[PDB]
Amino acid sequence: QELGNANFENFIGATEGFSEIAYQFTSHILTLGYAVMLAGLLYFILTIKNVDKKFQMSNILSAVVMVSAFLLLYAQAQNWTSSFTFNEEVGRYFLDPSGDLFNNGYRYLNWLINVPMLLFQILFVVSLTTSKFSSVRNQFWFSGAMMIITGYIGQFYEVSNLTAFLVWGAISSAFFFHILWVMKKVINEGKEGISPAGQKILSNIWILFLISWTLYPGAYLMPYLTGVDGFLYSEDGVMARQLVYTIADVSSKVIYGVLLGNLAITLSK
């Protein structure tokens, strides 16, 4: 079957199909994804007034991120269920093209909107020392956009053209390392002038940031992390990828937002 520039989920769906566990787990984990975002939305709105006026923009940005993210993750979950249909005869779920092909692009577009705001929002809680607010913001916004856009292009080729896949991924990675570099600077400068309690939370924010953000490129590469015809080029790789994306998105948005809010409270007088 000709699928063209399609995600590997479709190729697994079109050949081996998905077992009950593989199909149901992916449906469940993706549903958890958007459910957590809407739960987070309520949390962030309800806790806005827990911090001083000057910190509240960060709480507002956390809630705004939850909107977008809930709608895009909900669309991603519907895309998974509509793309794969039970075959009575073999008792597995196969590609149902009439529901459209499955594409991870809904999730990517959530990143496009939300990355700029997640990077931006910490600048409302911490004070920089050396760096100018507008400079850091502009670096975050440019590199954030380019990281997501180049990755979005790459992932269309993850089966149809491994070279394009890896080149676009590599370019994306460059922008990723730039963001990590700037965010480390922001964390360090944020630490000077604030209580030891505040410094501890910023340490935790950095570890959360580093682990959660590194998951994404892992999920990008997931199908190929065990090489050609590896364990992970399979329904097991599909499950692994969608779990990791869901953990990443929950961690990078909700937990991140909670930690920033807790920092804002400690700095609040």
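Numbering starts at 1 and runs along the sequence shown.
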Report task. On mean C-alpha B-factor from the PDB entry, just flag whether 100-108 or 176-184 is the higher one. Result -> 176-184
Report summary line: Mean B factor on CA atoms, stretches 30-38 and 223-231, record says higher is 223-231
Report summary line: For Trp213, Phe55, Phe70, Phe44, the deposited C-alpha B-factor is largest at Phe55
Requested in this report: Select lowest, middle or highest to describe the third in which the CA B-factor of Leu260 falls within its chain in this entry.
Outcome: highest
Query - Chain-wide C-alpha B factor ranking for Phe84, given as lowest, middle or highest third - result: lowest
Query raised in the report: Within this chain, which third does the Cα B-factor at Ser135 fall in: lowest, middle or highest?
Result: highest
Requested in this report: Quick one: classify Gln76 as lowest, middle or highest third of the chain based on its Cα B-factor.
Outcome: lowest
Query - Third of the chain, ranked by Cα B-factor, where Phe124 sits - result: highest
